[PDB]
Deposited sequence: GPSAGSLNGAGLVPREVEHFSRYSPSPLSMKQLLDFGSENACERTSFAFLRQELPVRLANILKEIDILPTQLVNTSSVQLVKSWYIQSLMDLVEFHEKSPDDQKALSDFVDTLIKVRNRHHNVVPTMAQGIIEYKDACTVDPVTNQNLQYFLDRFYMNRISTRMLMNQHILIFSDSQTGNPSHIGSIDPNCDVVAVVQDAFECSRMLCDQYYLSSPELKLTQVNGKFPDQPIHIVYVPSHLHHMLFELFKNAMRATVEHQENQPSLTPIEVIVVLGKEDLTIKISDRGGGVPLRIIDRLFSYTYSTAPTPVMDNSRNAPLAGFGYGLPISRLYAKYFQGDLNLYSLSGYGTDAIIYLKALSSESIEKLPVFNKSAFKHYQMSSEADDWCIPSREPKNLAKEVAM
């Protein structure tokens, strides 16, 4: 329990809007990130310490802790530098690159610790819920720190993008690319893949191209995972084409992916988002900027996946976990069953 971790964990993370992140396009981002990134690393670090001791003692969770601590300490060092020190700004970018490289394997490492703990230890129902609660928050936390760091790196280190954000993200283009990416893996494994039947409706601007401010990589990640499952279910169940509809409303950008891969019983639909990490992480990407990712399956026929994204950058605000009394109380935590 280093002192810096305890200190910065007492701060609440500061969520940014997609709009703010566009404003990155160096002195201000530097002062903000040297404060905000330790805060977010410190908050999740403290939350790691309340996990079951046998999980925290796994080499994998110990690695994650050590990486996050080292990265926190690397960033806190810049609190002694001036935002006007142009070399400190340059060094700060190199440090974000180092931190990004150090965190490159966080997701599978953490996943390895969870699987090792679940496979080897008894997990009471409360603890199992807390693990899904923790992993949603841990992976959201990583998504957020990676977002903020890459935004600073990409801007101050694609030219048509502002950092990792596309101010006029061609949603349909991303859908088509993510489908093709999944289609390639599907052919490599199944030697055959369903085709894409894509419909687009722009309710906000009829007959006009659908564009929103969004992170295309995040959108690609969500769709890629949903397409992999739709294609794996379609081929194994059977090829019927995966039907996709992209809709832009006043407040929401909606993408619905539909297959006829036989579906799954409602009893098991929730297990899809238990930690098998692609779907839960995909949903985290959707919820990161106040979106959502829902699955509704028709057992015996097929499955619909619907992505909700905010159509306004001002409302696309980071959904960040905070290690405060409420979170700690959720861990401690009417109808007949």
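- According to the record, the deposited residues with no C-alpha atom in the structure span 1-12, 38-42, 175-179, 261-265, 303-323, 382-386, 391-404.
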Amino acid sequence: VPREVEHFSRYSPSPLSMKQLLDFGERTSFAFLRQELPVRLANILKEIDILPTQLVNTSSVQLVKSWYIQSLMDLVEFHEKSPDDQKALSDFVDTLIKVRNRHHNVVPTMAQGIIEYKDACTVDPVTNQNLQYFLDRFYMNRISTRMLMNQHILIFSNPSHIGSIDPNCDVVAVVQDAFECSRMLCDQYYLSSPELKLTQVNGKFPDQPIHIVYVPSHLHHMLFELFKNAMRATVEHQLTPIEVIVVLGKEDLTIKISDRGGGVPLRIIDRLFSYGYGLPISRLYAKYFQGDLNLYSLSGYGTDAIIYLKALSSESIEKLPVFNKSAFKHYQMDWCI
From here on, numbers count along this sequence of modelled residues.
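Here the rigid core means the biggest group of C-alpha atoms that line up within 1.5 Å when the two forms are laid on top of each other.
- The rigid core fit leaves 84-92 as the farther-lying stretch in 7 other deposited structures of this protein, judged by Cα positions and set against 252-260 and 84-92.
- Comparing 182-190 with 168-176 by root mean square Cα distance to the shown form in 7 other deposited structures of this protein, with the rigid core used for the fit, gives 182-190 as the more displaced stretch.
- In the other compared entries of this protein that model both flanking residues, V235 has coordinates in every one, well short of a third left out.
- Across the other compared structures of the same protein with both neighbouring residues present, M110 carries coordinates in every case, with no third of them leaving it out.
- Taking only CA atoms, the mean B-factor in the PDB entry is higher for 177-185 than for the other of 177-185 and 102-110.
- Higher mean CA temperature factor, per the PDB entry, when comparing 315-323 with 15-23: 15-23.
- Each of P216, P206, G163, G249 has a CA temperature factor in the record; the biggest one is found at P206.
- Of the residues listed, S258, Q132, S144, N158, the entry assigns the biggest Cα temperature factor to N158.
- For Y275, the recorded CA temperature factor ranks within the highest third of the chain's modelled residues.
- Ranked against the other modelled residues of its chain, the C-alpha B-factor of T95 as given in the entry falls in the middle third.
- In the PDB entry, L253 places in the lowest third of its chain by CA B-factor.
- Per-chain ranking of the deposited C-alpha B factor places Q200 in the middle third.
- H237: CA B factor lies in the highest third for its chain, per the PDB record.
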